[PDB]
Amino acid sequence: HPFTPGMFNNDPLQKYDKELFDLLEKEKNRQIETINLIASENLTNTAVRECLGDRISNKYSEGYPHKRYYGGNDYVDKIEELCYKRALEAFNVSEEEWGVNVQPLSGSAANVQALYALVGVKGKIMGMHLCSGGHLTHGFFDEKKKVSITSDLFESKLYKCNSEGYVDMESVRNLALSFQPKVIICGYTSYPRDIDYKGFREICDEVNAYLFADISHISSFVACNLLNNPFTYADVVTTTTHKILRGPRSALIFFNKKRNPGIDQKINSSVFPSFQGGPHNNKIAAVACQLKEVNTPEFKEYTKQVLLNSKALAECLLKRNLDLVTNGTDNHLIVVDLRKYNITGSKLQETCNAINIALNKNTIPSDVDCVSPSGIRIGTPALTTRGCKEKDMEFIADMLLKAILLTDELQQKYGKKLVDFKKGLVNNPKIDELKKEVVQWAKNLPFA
């Protein structure tokens, strides 16, 4: 019948919206010429972005496969099922003992959700403090203000690292007896060592508690058997599919069924309908795409390289006498203790930003005040993806150091007020010279 055109515009973003296209293309390029040392950032590849852009996100699909509110969910169903399967395979667990939910929109969501399923409203949860390397959704609150809902929706007590920066199993086991919570969370944001799960598993049993393991930072190591495996001990294991796993921004919630029969029911309800509506099927498709990469030799070889680059960088840094929290690293992350140079993480953070090196201020055990953090963290997953090898860590080390020394210098010339110091970065030529060296080093590396 006589043609009437759709009411849409399928032209490219370049033609259709020049303003946005330009801003985005400036980001892709800023990315290329930056040395990304943010332990939680990574680069997605073609396949994953292709899924994220897939039309499958048109489909509303509240419910779980074969139990959906709307119809027309056969290919959605097959895809979510393929996702469960790749997820289980990726971590060597079996559908009999373990099940998984792939509908959470991010990690924080996965966490609140899995927590609530376990504990309910004003239930008792226990996790590591933030400044010591816990995540906000581990029950963080500070002073009067309950900062994370996990602190307000639940009763949360926080444990801490000792002075050497390790988790104090004794202090853990204490609070466990004292506060007596219903769930103990481990898995951490910025902890440079492996986690003693056997340990936590026992403390949990003494107190008859749930053992909750957040591997968002180190998911790939677990998968590749390069760290302890929490899946031996834990009742619930969640992870972001981004960061070290190099997938889309989404999350997983794995649950131990043999340890808690009908826990699946509890987890699923919390995700939908307690917390969420329709899933984001492109996220799901994208996550299935990456989990297949994960169960791969090339991905195993990438994971190990991340570990090898990190430890290599630690050597380089210790060789230059820098003081590292816990004095090394079992993983992709490292925290530098900066107080020896009379400089704050904050200051160094701005110095590195100004020379196209991205990292972030961190806390050393001895900073009681999270106000003025005295360290920084750095991670190798982004550089490793971009092809850096162990020998390439020498250069990173030399630069950080150069950056540390330039921080003291300006600090004094312009003052120890962040506002003042910050202005020493604006018109400095010693900074344009480092940025140049950096930008050229970075532009050269492969980019996904």
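We number the residues from 1 along the sequence you see.
- For the pair 251-259 and 345-353, the mean Cα B-factor is higher in 345-353.
- The stretch 173-181 shows the higher mean C-alpha B-factor when 305-313 is compared against 173-181 in the entry.
- Out of 280, 198, 377, 320, the entry records its largest CA B-factor for 198.
- Residue-level inspection of the entry shows that, of 371, 218, 88, 105, 371 has the top Cα B-factor.
- Among all modelled residues in its chain, residue 27 ranks in the middle third by Cα B-factor.
- Per the PDB record, residue ranking by Cα B-factor puts residue 412 in the highest third of the chain.
- Ranked by C-alpha B-factor against the other modelled residues of its chain, residue 274 falls in the lowest third.
- In this PDB entry, residue 49 carries a Cα temperature factor that places it within the lowest third of its chain's modelled residues.
- Among all modelled residues in its chain, residue 420 ranks in the highest third by Cα B-factor.
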